[PDB]
């Protein structure tokens, strides 16, 4: 699937240009990458900023949510944006 292909490409790119701590600042409505409980990165969207340790995100390709620290968020590179592949949730 296009989703599986984007995830392979994105995760290879992230492993090659690992997010730098503090570089990405979450803002409501922005797309980003989020590191899920499995240790893997996923495309996400920031929904609410409660605290630096508590950012509410939506995993745009999988349809679920998580509250996680800023440290587990990074910049979504334009190569893997929703301009390239729309959100795949459902």
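Residue numbers count along the first chain shown, from 1.
J.: On average, which has the higher Cα B-factor in the deposited entry, 18-26 or 65-73?
T.: If you average the C-alpha B-factors of 18-26 and of 65-73, the larger mean comes out for 18-26.
J.: Averaging C-alpha B-factors over each stretch, which comes out higher, 2-10 or 79-87?
T.: Mean CA B-factor is higher for 2-10.
J.: Going by what the PDB entry lists, where does residue 56 fall on CA B-factor within its chain: lowest, middle or highest third?
T.: Tercile = lowest for this residue's CA B-factor.
J.: Among the chain's modelled residues, which third holds the C-alpha B-factor of residue 37?
T.: Its C-alpha B-factor, which the entry lists for residue 37, ranks in the middle third among residues of this chain.
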